[PDB]
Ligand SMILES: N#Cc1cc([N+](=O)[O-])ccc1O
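To begin, one chain is listed below as structure tokens, in the form deposited without the ligand.
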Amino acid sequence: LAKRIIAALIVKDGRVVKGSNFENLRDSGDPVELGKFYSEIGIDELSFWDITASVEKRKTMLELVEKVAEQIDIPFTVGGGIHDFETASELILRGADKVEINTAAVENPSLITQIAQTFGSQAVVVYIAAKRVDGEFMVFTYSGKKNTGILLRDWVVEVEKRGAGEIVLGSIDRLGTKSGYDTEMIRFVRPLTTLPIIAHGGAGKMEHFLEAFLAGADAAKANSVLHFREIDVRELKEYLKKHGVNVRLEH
């Protein structure tokens, strides 16, 4: 019931892609050190998205999650090309709390159920990329390249039905901008599901996070706005608490 702030990190070959501005770190491109620091200054969860080339990817992702699990005591999610149960399983067993799936879920919705059977619904995060097409919200796969022709309304309901634990709602209309979260999209989805909704795409200033929670998001995920310190994590949580948002401060 508390709202969560989630730092998302894009990684490749064990490096934070495009790095970060925290000059206090020994290595500002080290995902484990950056992730650890984030947990120490108030981030509620981490999210890692891997884009390593296929031949080294499996091993690279497993090394990342094991290293992260050692140094971090907050929940974390891993994703990026997770296409089947076996891949999801190895990553959870090696240390991840949750996996994030999108394209493979749309093409085989029972993948949601198979992962949840073994690891519980809470281990399954479905990322839904959506955008407006002829006045309707539609689901997009393959990093936004493909219009599936599936209505957002229908996919959300199916996703909960198949046993997902959380939904990340990413607005292609906002990704790569700093104009704010897609609050209209979040409000559209909120009454359709009982699952936690994680907002993603468009974060630019602290007020955007307040707007997102008002819209009904249970968590807010953000990338470079945090890494380049356009927003400060502690200021953000102080700001949100100040304006009525239930965030956590202090075998």
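For every residue, the number given is its place in the sequence shown, counted from 1.
Unmodelled residues of the deposited sequence between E250 and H251: 4 to 9. Look at the mean CA B-factor for 121-129 and for 173-181 in the entry; the higher one is 173-181. 193-201 and 25-33 differ in mean CA B-factor, and the higher of the two is recorded for 25-33.
The PDB entry gives the largest Cα B-factor of the residues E166, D134, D154, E100 to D134.
Looking at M61, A220, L214, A53, the one whose CA carries the top B-factor in the deposited record is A53. Sort the chain's modelled residues by C-alpha temperature factor and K146 lands in the lowest third, per the entry. In this PDB entry, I74 carries a Cα temperature factor that places it within the highest third of its chain's modelled residues. When all modelled residues of the chain are sorted by CA temperature factor, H83 is found within the highest third.
Same protein, other form: the form deposited with the ligand bound, not shown, and the subject of what follows.
The closest non-hydrogen atom of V16 lies beyond 4.5 Å of the ligand in the deposited complex. When the ligand is considered in the deposited complex, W49 lines it closely, a heavy atom lying within 4.5 Å. The closest non-hydrogen atom of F137 lies beyond 4.5 Å of the ligand in the deposited complex.
In the deposited complex, the ligand lies within 4.5 Å of some heavy atom of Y127. Contact with the ligand in the deposited complex, judged as any non-hydrogen atom within 4.5 angstroms, is confined among 178-186, 26-34, 40-48, 65-73 to 40-48. Along 76-109, one residue reaches a heavy atom to within 4.5 Å of the ligand in the deposited complex: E100.
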